[PDB]
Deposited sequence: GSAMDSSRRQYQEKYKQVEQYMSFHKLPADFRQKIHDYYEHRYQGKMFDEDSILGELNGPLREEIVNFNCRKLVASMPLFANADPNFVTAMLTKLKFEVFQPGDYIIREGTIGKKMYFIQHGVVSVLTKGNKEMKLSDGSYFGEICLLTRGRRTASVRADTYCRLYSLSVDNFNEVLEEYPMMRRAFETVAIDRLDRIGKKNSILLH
């Protein structure tokens, strides 16, 4: 239960930090809920652990932890396993809370998001859920966000930066077509 204790002590610091800065009670509970949803009572120095392993072990772990995500998207499901692994390795797990603005219209976009679980509202009005992704337009155009995207419910997502996006596509150039298709179709709508 060393991981449980790590979470408890770390959360104690967070609580004291919020108290020190006199954050409102409502925000403190929002923080409380975020930690439960995001870490679920346990914490590990993930970077330290994966860093002690080797490439093969790290790739098997990410492929397993993302099995759900992978199964939910034709993008990864029907692709070269090596492509999927390269992509998955670059993903960053993120949890957003109801009402959170994940993307704001008109700003410079430098990341896209893959939905593991949750519902988002795209407003320029439409919704996207499990197995869908968004924010790909700006990674392709390098322009400004074409719409705002807010979390409707709690959202468990994986983000990918434009730099990592292009890095992976350097090795798998033809996979860019998948994102472009989705981008074009949405730009038309």
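Participant: Point out each run of deposited residues with no C-alpha coordinates, keeping the order of the sequence.
Facilitator: No coordinates exist for the deposited residues in 1-4, 129-132, 198-207, so these stretches are absent from the model.
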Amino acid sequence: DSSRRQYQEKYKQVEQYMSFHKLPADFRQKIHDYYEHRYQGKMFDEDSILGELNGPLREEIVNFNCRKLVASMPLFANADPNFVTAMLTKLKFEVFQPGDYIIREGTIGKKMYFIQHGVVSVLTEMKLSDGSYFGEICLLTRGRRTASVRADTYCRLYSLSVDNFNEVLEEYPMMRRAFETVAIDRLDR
From here on, numbers count along this sequence of modelled residues.
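The term rigid core refers to the maximal set of C-alpha atoms that superpose within 1.5 Å between the two forms.
Participant: 94-102 versus 70-78: which one's CA atoms end up farther from this form in 8 other deposited structures of this protein after a core fit?
Facilitator: When 70-78 and 94-102 are compared in 8 other deposited structures of this protein, 70-78 lies farther out.
Participant: Would you determine, from the values in the PDB entry, which of 115-123 and 73-81 has the greater average C-alpha temperature factor?
Facilitator: Result: 73-81.
Participant: Comparing 40-48 with 148-156, where is the mean C-alpha B-factor higher?
Facilitator: Result of the comparison: 40-48.
Participant: Of 165, 179, 172, 11, which one's C-alpha B factor is largest in the deposited record?
Facilitator: Highest CA B-factor of the listed options: 11.
Participant: Lowest, middle or highest third: where is residue 132 by Cα B-factor in its chain?
Facilitator: Within its chain, residue 132 is a middle-third residue by C-alpha B-factor, going by the deposited values.
Participant: Would you please rank residue 30 by its C-alpha temperature factor against the other modelled residues of its chain and give the third it falls in: lowest, middle or highest?
Facilitator: It belongs to the lowest third of the chain when residues are ordered by C-alpha B-factor.
Participant: With respect to C-alpha B-factor, does residue 62 fall in the lowest, middle or highest third of the chain as deposited?
Facilitator: Lowest third of the chain for residue 62's C-alpha B-factor.
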